[PDB]
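Participant: mmCIF, C-alpha atoms, saved as target_23.cif, coming up:
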data_query
loop_
_atom_site.label_atom_id
_atom_site.label_comp_id
_atom_site.auth_asym_id
_atom_site.auth_seq_id
_atom_site.Cartn_x
_atom_site.Cartn_y
_atom_site.Cartn_z
CA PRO Q 1 138.37 27.89 -114.76
CA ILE Q 2 139.64 30.24 -112.04
CA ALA Q 3 137.60 32.83 -110.15
CA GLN Q 4 139.06 35.55 -107.93
CA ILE Q 5 136.36 37.37 -105.94
CA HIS Q 6 137.13 40.66 -104.27
CA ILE Q 7 135.11 41.60 -101.26
CA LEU Q 8 135.10 43.98 -98.31
CA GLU Q 9 136.51 42.46 -95.12
CA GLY Q 10 134.32 42.03 -92.06
CA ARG Q 11 132.45 38.85 -92.90
CA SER Q 12 132.34 35.61 -90.98
CA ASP Q 13 134.08 32.41 -92.05
CA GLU Q 14 130.55 31.04 -92.44
CA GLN Q 15 129.59 33.08 -95.49
CA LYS Q 16 132.92 33.08 -97.28
CA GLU Q 17 133.09 29.29 -97.63
CA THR Q 18 129.45 29.25 -98.81
CA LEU Q 19 130.54 31.79 -101.42
CA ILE Q 20 133.22 29.38 -102.65
CA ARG Q 21 130.60 26.63 -102.81
CA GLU Q 22 127.89 28.75 -104.45
CA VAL Q 23 130.20 30.35 -107.02
CA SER Q 24 131.95 27.10 -107.97
CA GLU Q 25 128.60 25.53 -108.77
CA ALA Q 26 127.49 28.45 -110.97
CA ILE Q 27 130.66 28.19 -113.04
CA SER Q 28 130.23 24.43 -113.43
CA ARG Q 29 126.65 24.71 -114.72
CA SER Q 30 127.17 27.74 -116.93
CA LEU Q 31 130.23 26.36 -118.72
CA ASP Q 32 129.44 22.62 -118.52
CA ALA Q 33 132.79 22.23 -116.76
CA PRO Q 34 133.56 19.54 -114.16
CA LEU Q 35 133.25 21.00 -110.65
CA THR Q 36 136.60 19.49 -109.66
CA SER Q 37 138.39 21.84 -112.09
CA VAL Q 38 136.83 25.05 -110.70
CA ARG Q 39 138.97 27.30 -108.50
CA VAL Q 40 137.83 30.11 -106.24
CA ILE Q 41 140.12 32.49 -104.39
CA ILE Q 42 138.79 35.22 -102.10
CA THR Q 43 140.63 38.48 -101.46
CA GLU Q 44 139.40 40.80 -98.70
CA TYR Q 45 139.93 44.53 -98.51
CA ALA Q 46 140.17 46.84 -95.53
CA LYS Q 47 138.27 50.12 -95.10
CA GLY Q 48 141.22 52.15 -96.37
CA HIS Q 49 141.81 49.90 -99.39
CA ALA Q 50 138.52 50.19 -101.30
CA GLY Q 51 137.15 53.09 -103.37
CA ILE Q 52 133.82 53.86 -105.09
CA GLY Q 53 133.91 57.34 -106.64
CA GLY Q 54 137.16 58.48 -105.11
CA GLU Q 55 135.68 57.91 -101.64
CA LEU Q 56 136.18 55.02 -99.23
CA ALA Q 57 133.66 52.16 -99.07
CA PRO B 1 131.94 42.85 -104.80
CA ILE B 2 134.05 42.12 -107.89
CA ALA B 3 134.48 38.75 -109.56
CA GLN B 4 137.16 38.18 -112.17
CA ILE B 5 136.55 34.83 -113.84
CA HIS B 6 139.27 33.25 -115.94
CA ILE B 7 138.05 30.75 -118.50
CA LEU B 8 139.35 28.92 -121.55
CA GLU B 9 138.08 30.45 -124.79
CA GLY B 10 135.61 28.49 -126.91
CA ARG B 11 132.30 29.30 -125.25
CA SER B 12 129.31 30.93 -126.88
CA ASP B 13 128.13 34.42 -125.96
CA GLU B 14 125.02 32.66 -124.66
CA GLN B 15 127.01 30.62 -122.14
CA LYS B 16 129.01 33.62 -120.95
CA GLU B 17 125.83 35.61 -120.44
CA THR B 18 124.58 32.80 -118.21
CA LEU B 19 127.90 32.73 -116.35
CA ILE B 20 127.77 36.40 -115.37
CA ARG B 21 124.17 36.15 -114.18
CA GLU B 22 124.42 32.85 -112.32
CA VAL B 23 127.65 33.88 -110.59
CA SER B 24 126.22 37.31 -109.79
CA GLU B 25 123.14 35.67 -108.28
CA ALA B 26 125.28 33.26 -106.24
CA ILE B 27 127.40 36.10 -104.85
CA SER B 28 124.35 38.17 -103.92
CA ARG B 29 123.00 35.10 -102.16
CA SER B 30 126.21 34.07 -100.39
CA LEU B 31 127.01 37.52 -98.96
CA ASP B 32 123.47 38.89 -98.59
CA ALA B 33 124.62 41.79 -100.77
CA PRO B 34 122.43 43.76 -103.18
CA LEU B 35 122.73 42.27 -106.67
CA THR B 36 123.09 45.71 -108.26
CA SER B 37 126.46 46.12 -106.52
CA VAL B 38 127.88 42.91 -108.00
CA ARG B 39 130.33 43.20 -110.89
CA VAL B 40 131.76 40.40 -112.99
CA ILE B 41 134.71 40.41 -115.36
CA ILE B 42 135.38 37.60 -117.81
CA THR B 43 138.84 37.02 -119.23
CA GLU B 44 139.21 34.42 -121.97
CA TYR B 45 142.38 32.45 -122.57
CA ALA B 46 143.53 30.76 -125.74
CA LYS B 47 144.70 27.17 -125.25
CA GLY B 48 148.33 28.17 -125.80
CA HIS B 49 148.01 30.67 -122.93
CA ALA B 50 146.88 28.25 -120.20
CA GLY B 51 148.83 25.48 -118.45
CA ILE B 52 148.07 22.56 -116.11
CA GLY B 53 151.34 20.95 -115.04
CA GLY B 54 153.54 22.86 -117.42
CA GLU B 55 151.45 21.40 -120.28
CA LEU B 56 148.94 23.30 -122.40
CA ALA B 57 145.17 22.87 -121.99
CA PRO P 1 153.86 50.02 -107.71
CA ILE P 2 151.76 48.20 -110.31
CA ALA P 3 148.31 49.24 -111.54
CA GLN P 4 146.04 46.88 -113.47
CA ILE P 5 143.16 48.87 -114.93
CA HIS P 6 140.01 47.14 -116.18
CA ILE P 7 137.91 49.08 -118.68
CA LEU P 8 135.21 48.44 -121.29
CA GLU P 9 136.53 48.33 -124.85
CA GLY P 10 135.65 51.12 -127.26
CA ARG P 11 138.10 53.95 -126.54
CA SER P 12 140.73 55.28 -128.88
CA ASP P 13 144.46 54.64 -128.38
CA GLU P 14 144.79 58.31 -127.43
CA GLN P 15 142.47 58.05 -124.43
CA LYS P 16 144.32 54.96 -123.23
CA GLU P 17 147.64 56.73 -123.70
CA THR P 18 146.23 59.55 -121.58
CA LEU P 19 144.96 57.05 -119.00
CA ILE P 20 148.38 55.44 -118.62
CA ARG P 21 150.13 58.79 -118.22
CA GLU P 22 147.62 60.41 -115.87
CA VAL P 23 147.18 57.37 -113.63
CA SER P 24 150.94 56.86 -113.51
CA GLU P 25 151.47 60.47 -112.45
CA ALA P 26 148.84 60.23 -109.71
CA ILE P 27 150.45 57.13 -108.20
CA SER P 28 153.92 58.68 -108.25
CA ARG P 29 152.44 61.86 -106.82
CA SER P 30 150.19 60.22 -104.17
CA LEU P 31 152.82 57.81 -102.78
CA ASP P 32 155.84 60.10 -103.20
CA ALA P 33 157.12 57.23 -105.34
CA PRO P 34 159.50 57.47 -108.29
CA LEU P 35 157.50 57.79 -111.51
CA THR P 36 159.94 55.53 -113.33
CA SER P 37 158.99 52.64 -111.03
CA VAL P 38 155.28 52.90 -111.85
CA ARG P 39 153.77 50.31 -114.19
CA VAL P 40 150.29 50.37 -115.63
CA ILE P 41 148.70 47.63 -117.71
CA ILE P 42 145.30 48.07 -119.36
CA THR P 43 142.82 45.25 -119.87
CA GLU P 44 139.85 45.86 -122.16
CA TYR P 45 136.61 43.93 -121.85
CA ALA P 46 134.04 43.34 -124.55
CA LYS P 47 130.43 44.24 -123.89
CA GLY P 48 129.47 40.57 -123.45
CA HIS P 49 132.22 40.06 -120.85
CA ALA P 50 131.11 42.56 -118.18
CA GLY P 51 128.25 42.37 -115.67
CA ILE P 52 126.31 44.83 -113.47
CA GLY P 53 123.65 42.96 -111.51
CA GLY P 54 124.05 39.73 -113.41
CA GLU P 55 123.20 41.63 -116.61
CA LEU P 56 125.40 43.03 -119.39
CA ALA P 57 126.63 46.58 -119.77
CA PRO D 1 136.21 50.91 -114.78
CA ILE D 2 138.12 48.98 -112.10
CA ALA D 3 141.69 49.71 -110.99
CA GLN D 4 143.83 47.27 -109.01
CA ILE D 5 146.90 48.88 -107.44
CA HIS D 6 149.66 46.67 -106.06
CA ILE D 7 152.02 48.47 -103.66
CA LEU D 8 154.71 47.77 -101.09
CA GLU D 9 153.53 47.82 -97.49
CA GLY D 10 154.94 50.34 -95.04
CA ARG D 11 153.08 53.46 -96.05
CA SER D 12 150.62 55.34 -93.83
CA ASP D 13 146.83 55.27 -94.10
CA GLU D 14 146.88 58.92 -95.16
CA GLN D 15 148.86 58.25 -98.36
CA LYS D 16 146.79 55.25 -99.42
CA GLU D 17 143.47 57.12 -99.20
CA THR D 18 144.78 60.00 -101.33
CA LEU D 19 145.80 57.43 -103.93
CA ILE D 20 142.21 56.21 -104.26
CA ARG D 21 140.97 59.76 -104.71
CA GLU D 22 143.65 60.84 -107.20
CA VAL D 23 143.74 57.63 -109.26
CA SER D 24 139.95 57.69 -109.47
CA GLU D 25 139.99 61.26 -110.79
CA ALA D 26 142.63 60.38 -113.42
CA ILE D 27 140.51 57.53 -114.73
CA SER D 28 137.42 59.73 -114.83
CA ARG D 29 139.16 62.43 -116.90
CA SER D 30 141.11 60.19 -119.25
CA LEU D 31 138.05 58.19 -120.29
CA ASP D 32 135.38 60.89 -119.85
CA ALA D 33 133.68 58.45 -117.48
CA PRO D 34 131.46 59.35 -114.50
CA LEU D 35 133.53 59.31 -111.31
CA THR D 36 130.95 57.28 -109.37
CA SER D 37 131.51 54.27 -111.65
CA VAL D 38 135.22 54.19 -110.82
CA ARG D 39 136.44 51.60 -108.32
CA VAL D 40 139.87 51.27 -106.73
CA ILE D 41 141.19 48.41 -104.63
CA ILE D 42 144.61 48.58 -103.02
CA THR D 43 146.70 45.48 -102.36
CA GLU D 44 149.78 45.73 -100.15
CA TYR D 45 152.67 43.28 -100.32
CA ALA D 46 155.09 42.37 -97.56
CA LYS D 47 158.73 42.93 -98.44
CA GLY D 48 159.22 39.17 -98.70
CA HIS D 49 156.37 38.95 -101.23
CA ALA D 50 157.64 41.40 -103.88
CA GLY D 51 160.48 41.04 -106.40
CA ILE D 52 162.55 43.24 -108.76
CA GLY D 53 165.04 41.06 -110.60
CA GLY D 54 164.62 37.93 -108.53
CA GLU D 55 165.58 39.93 -105.43
CA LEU D 56 163.32 41.21 -102.67
CA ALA D 57 162.22 44.83 -102.51
CA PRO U 1 148.72 27.46 -106.91
CA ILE U 2 147.86 29.89 -109.72
CA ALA U 3 150.32 32.03 -111.63
CA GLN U 4 149.13 34.91 -113.77
CA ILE U 5 151.90 36.20 -116.01
CA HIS U 6 151.57 39.58 -117.67
CA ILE U 7 153.83 40.04 -120.71
CA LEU U 8 154.40 42.22 -123.75
CA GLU U 9 152.74 40.92 -126.88
CA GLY U 10 154.75 39.84 -129.94
CA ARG U 11 156.28 36.52 -128.88
CA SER U 12 155.88 33.11 -130.53
CA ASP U 13 153.66 30.26 -129.34
CA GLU U 14 156.87 28.29 -128.82
CA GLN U 15 158.27 30.79 -126.33
CA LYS U 16 155.03 31.00 -124.37
CA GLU U 17 154.70 27.23 -124.23
CA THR U 18 158.27 27.17 -122.91
CA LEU U 19 157.31 29.92 -120.45
CA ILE U 20 154.40 27.94 -119.00
CA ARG U 21 156.39 24.75 -118.46
CA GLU U 22 159.48 26.45 -117.06
CA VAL U 23 157.48 28.69 -114.70
CA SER U 24 155.23 25.84 -113.50
CA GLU U 25 158.22 23.65 -112.65
CA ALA U 26 159.91 26.52 -110.77
CA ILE U 27 156.78 26.95 -108.61
CA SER U 28 156.36 23.21 -108.04
CA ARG U 29 160.06 23.13 -107.21
CA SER U 30 160.11 26.11 -104.83
CA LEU U 31 157.11 25.00 -102.79
CA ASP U 32 157.36 21.24 -103.02
CA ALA U 33 153.82 21.31 -104.48
CA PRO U 34 152.58 18.84 -107.11
CA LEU U 35 153.37 20.03 -110.63
CA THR U 36 149.93 18.73 -111.62
CA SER U 37 148.34 21.21 -109.20
CA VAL U 38 150.10 24.13 -110.88
CA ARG U 39 148.16 26.46 -113.19
CA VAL U 40 149.60 29.19 -115.36
CA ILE U 41 147.64 31.75 -117.35
CA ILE U 42 149.26 34.21 -119.75
CA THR U 43 147.84 37.63 -120.55
CA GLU U 44 149.45 39.58 -123.42
CA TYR U 45 149.47 43.37 -123.72
CA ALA U 46 149.61 45.53 -126.86
CA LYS U 47 152.00 48.49 -127.20
CA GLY U 48 149.25 50.90 -126.20
CA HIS U 49 148.08 48.99 -123.12
CA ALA U 50 151.28 48.97 -121.06
CA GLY U 51 153.13 51.82 -119.37
CA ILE U 52 156.45 52.46 -117.64
CA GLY U 53 156.96 55.91 -116.16
CA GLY U 54 153.66 56.98 -117.72
CA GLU U 55 155.03 56.34 -121.21
CA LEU U 56 154.09 53.47 -123.51
CA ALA U 57 156.12 50.23 -123.68
CA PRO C 1 156.91 41.24 -117.52
CA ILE C 2 154.94 40.69 -114.30
CA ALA C 3 154.12 37.46 -112.45
CA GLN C 4 151.30 37.32 -109.91
CA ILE C 5 151.51 34.08 -107.95
CA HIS C 6 148.55 32.92 -105.87
CA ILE C 7 149.39 30.34 -103.20
CA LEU C 8 147.94 28.95 -99.98
CA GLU C 9 149.58 30.27 -96.82
CA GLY C 10 151.68 28.19 -94.46
CA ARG C 11 155.03 28.01 -96.21
CA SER C 12 158.22 29.67 -94.92
CA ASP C 13 159.84 32.92 -96.08
CA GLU C 14 162.86 31.07 -97.47
CA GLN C 15 160.61 29.07 -99.81
CA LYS C 16 158.88 32.24 -101.03
CA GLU C 17 162.25 33.97 -101.38
CA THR C 18 163.32 31.06 -103.52
CA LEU C 19 160.08 31.28 -105.49
CA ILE C 20 160.47 34.93 -106.51
CA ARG C 21 164.09 34.48 -107.55
CA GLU C 22 163.55 31.18 -109.21
CA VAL C 23 160.37 32.22 -111.08
CA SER C 24 161.86 35.57 -112.12
CA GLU C 25 164.77 33.81 -113.82
CA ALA C 26 162.45 31.39 -115.68
CA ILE C 27 160.49 34.27 -117.20
CA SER C 28 163.66 36.15 -118.20
CA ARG C 29 165.08 33.14 -120.05
CA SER C 30 161.86 32.08 -121.70
CA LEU C 31 161.23 35.53 -123.12
CA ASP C 32 164.94 36.44 -123.40
CA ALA C 33 164.15 39.56 -121.35
CA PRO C 34 166.51 41.27 -118.91
CA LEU C 35 165.98 39.81 -115.43
CA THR C 36 166.08 43.26 -113.86
CA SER C 37 162.76 44.06 -115.59
CA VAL C 38 160.97 41.01 -114.15
CA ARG C 39 158.71 41.69 -111.21
CA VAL C 40 156.97 39.13 -108.97
CA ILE C 41 154.17 39.51 -106.43
CA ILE C 42 152.94 36.74 -104.12
CA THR C 43 149.44 36.59 -102.65
CA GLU C 44 148.75 34.08 -99.86
CA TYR C 45 145.29 32.64 -99.16
CA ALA C 46 143.90 31.36 -95.85
CA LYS C 47 142.19 27.95 -95.57
CA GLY C 48 138.73 29.51 -95.87
CA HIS C 49 139.63 31.66 -98.87
CA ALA C 50 140.53 28.95 -101.39
CA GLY C 51 138.25 26.47 -103.17
CA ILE C 52 139.09 23.60 -105.54
CA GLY C 53 135.96 21.45 -105.88
CA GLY C 54 133.59 23.81 -104.13
CA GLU C 55 135.28 22.48 -100.99
CA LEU C 56 138.03 24.24 -99.08
CA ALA C 57 141.69 23.58 -99.85
#
Can you present the structure in this file as structure tokens?
Facilitator:
Amino acid sequence: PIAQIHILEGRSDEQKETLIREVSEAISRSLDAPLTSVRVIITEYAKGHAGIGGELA
Amino acid sequence: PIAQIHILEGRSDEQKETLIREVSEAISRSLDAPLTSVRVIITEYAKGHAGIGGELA
Amino acid sequence: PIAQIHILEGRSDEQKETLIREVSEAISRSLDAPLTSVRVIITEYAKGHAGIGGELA
Amino acid sequence: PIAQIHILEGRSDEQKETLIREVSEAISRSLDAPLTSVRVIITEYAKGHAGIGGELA
Amino acid sequence: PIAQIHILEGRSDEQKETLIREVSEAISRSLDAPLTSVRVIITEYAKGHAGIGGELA
Amino acid sequence: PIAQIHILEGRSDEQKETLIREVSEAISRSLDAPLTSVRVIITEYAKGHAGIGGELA
């Protein structure tokens, strides 16, 4: 299983690796899949690259 | 935050309902973000549509 | 330019034909880009495959 | 609904913000969906990261 | 590395199995990365879910 | 046809130039589609943005 998470940029390296760890675990439990097969890729977006209603985020 | 999770087809609706929730909870936790802003998208793949080494899954 | 649009399933082919045309025009228009270079691909998601707060839509 | 737009880098911040506004509106009309539920995320690609026929763009 | 290939629907399982192997090897080849680390996922699109120039494919 | 390739950063431009050309050709053959219609986009991921076992890559 492969997860691509899209988030707003600005966060520390501290949280984003925890995210990888926390999300990978949730996939493994939910789908009874071995953790070693779970992939997480994070993509960050700049202020001018994210919209919520036609307006910037 | 937006999570697109790619999984092999074969799971029950029950399992996939758990996946969305557990992953959503993990994301809210990891990024101290309000849960109500978290979105999850599941995409299922048939075995003949997924490869691991050039070989099917 | 390539647009991947993620929507809940349930619309008619007509609405999706309108979506492709109207979104394509806006991209060509917004980026002063040739319309003929614009690609749009729609991905529909079943009700049990989309989350908003860890819960279904 | 969630729209992912993949574009070549080099354009100004002014053009990319208009895109979010205009693409969002197009989605809202085409699918008779409330505008505030529409999300847009822009991804730019360096010239050496985009192909049209096996050749760079 | 993860490859997501977006194609028009209508092709045989034979062609898509050929696609996965040939594309995986090309990636493993280009980047001197283990073939066994290569993942490929295919997503097919119906006539009414793909646009070029705002018109259906 | 569109290929989205997700790779870890650190490789040279010549390798990625090879990748786009080489991968584009593989898709064209496999699906007997004109090469000039094949498009490829590469997305690179930093050390802290990729997970494989819940641990960084």
Participant: Taking the file as shown, find all residues satisfying the PyMOL selection byres ((chain Q) within 6 of (chain D)) and write them as a list in words.
Facilitator: residues 49, 50, 51, 52, 53 and 54 of chain Q
Participant: Record the distance separating atom CA of residue D:45 and atom CA of residue P:1, expressed in Å with one decimal.
Facilitator: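 Calculated distance between atom CA of residue D:45 and atom CA of residue P:1 is 10.1 Å.
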Participant: Measure the distance from atom CA of residue C:57 to atom CA of residue C:8 in Å and round it to one decimal.
Facilitator: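 Rounded to one decimal, the two atoms are 8.2 Å apart.
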Participant: Distance atom CA of residue Q:26-atom CA of residue Q:10, one decimal place?
Facilitator: 24.3 Å
Participant: Would you mind completing stretch 34-52 of chain D to N, CA, C and O atoms and writing the output as a tab-separated table (two decimals), keeping the file's coordinate frame?
Facilitator:
chain	number	residue	atom	x	y	z
D	34	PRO	N	131.94	58.83	-115.79
D	34	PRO	CA	131.46	59.35	-114.50
D	34	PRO	C	132.27	58.80	-113.33
D	34	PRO	O	132.52	57.59	-113.27
D	35	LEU	N	132.68	59.68	-112.43
D	35	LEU	CA	133.53	59.31	-111.31
D	35	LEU	C	132.93	58.20	-110.45
D	35	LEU	O	133.65	57.32	-109.98
D	36	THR	N	131.61	58.23	-110.27
D	36	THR	CA	130.95	57.28	-109.37
D	36	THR	C	130.97	55.84	-109.87
D	36	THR	O	130.62	54.92	-109.12
D	37	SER	N	131.41	55.62	-111.10
D	37	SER	CA	131.51	54.27	-111.65
D	37	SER	C	132.91	53.72	-111.45
D	37	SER	O	133.16	52.54	-111.70
D	38	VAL	N	133.82	54.58	-111.00
D	38	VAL	CA	135.22	54.19	-110.82
D	38	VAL	C	135.45	53.51	-109.47
D	38	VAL	O	135.09	54.05	-108.42
D	39	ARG	N	136.06	52.33	-109.52
D	39	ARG	CA	136.44	51.60	-108.32
D	39	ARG	C	137.94	51.38	-108.22
D	39	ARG	O	138.61	51.10	-109.22
D	40	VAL	N	138.46	51.51	-107.00
D	40	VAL	CA	139.87	51.27	-106.73
D	40	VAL	C	140.00	50.33	-105.54
D	40	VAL	O	139.34	50.50	-104.52
D	41	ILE	N	140.85	49.33	-105.71
D	41	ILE	CA	141.19	48.41	-104.63
D	41	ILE	C	142.70	48.32	-104.52
D	41	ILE	O	143.40	48.04	-105.49
D	42	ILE	N	143.18	48.57	-103.31
D	42	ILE	CA	144.61	48.58	-103.02
D	42	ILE	C	145.01	47.24	-102.42
D	42	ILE	O	144.34	46.72	-101.53
D	43	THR	N	146.12	46.70	-102.91
D	43	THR	CA	146.70	45.48	-102.36
D	43	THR	C	148.14	45.74	-101.95
D	43	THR	O	148.97	46.11	-102.78
D	44	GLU	N	148.43	45.54	-100.67
D	44	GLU	CA	149.78	45.73	-100.15
D	44	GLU	C	150.52	44.40	-100.11
D	44	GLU	O	149.92	43.35	-99.90
D	45	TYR	N	151.83	44.46	-100.33
D	45	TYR	CA	152.67	43.28	-100.32
D	45	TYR	C	153.80	43.41	-99.31
D	45	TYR	O	154.48	44.44	-99.26
D	46	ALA	N	154.00	42.37	-98.52
D	46	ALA	CA	155.09	42.37	-97.56
D	46	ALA	C	156.38	42.31	-98.35
D	46	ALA	O	156.40	41.81	-99.47
D	47	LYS	N	157.45	42.83	-97.76
D	47	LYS	CA	158.73	42.93	-98.44
D	47	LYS	C	159.16	41.58	-99.00
D	47	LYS	O	159.76	41.51	-100.07
D	48	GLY	N	158.85	40.51	-98.27
D	48	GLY	CA	159.22	39.17	-98.70
D	48	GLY	C	158.27	38.58	-99.73
D	48	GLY	O	158.37	37.40	-100.06
D	49	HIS	N	157.36	39.40	-100.25
D	49	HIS	CA	156.37	38.95	-101.23
D	49	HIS	C	156.44	39.75	-102.54
D	49	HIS	O	155.57	39.61	-103.39
D	50	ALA	N	157.47	40.57	-102.68
D	50	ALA	CA	157.64	41.40	-103.88
D	50	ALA	C	159.07	41.32	-104.42
D	50	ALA	O	160.03	41.40	-103.65
D	51	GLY	N	159.19	41.15	-105.73
D	51	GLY	CA	160.48	41.04	-106.40
D	51	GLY	C	160.78	42.04	-107.52
D	51	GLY	O	159.87	42.49	-108.20
D	52	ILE	N	162.06	42.38	-107.67
D	52	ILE	CA	162.55	43.24	-108.76
D	52	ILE	C	163.87	42.70	-109.27
D	52	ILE	O	164.93	43.22	-108.91
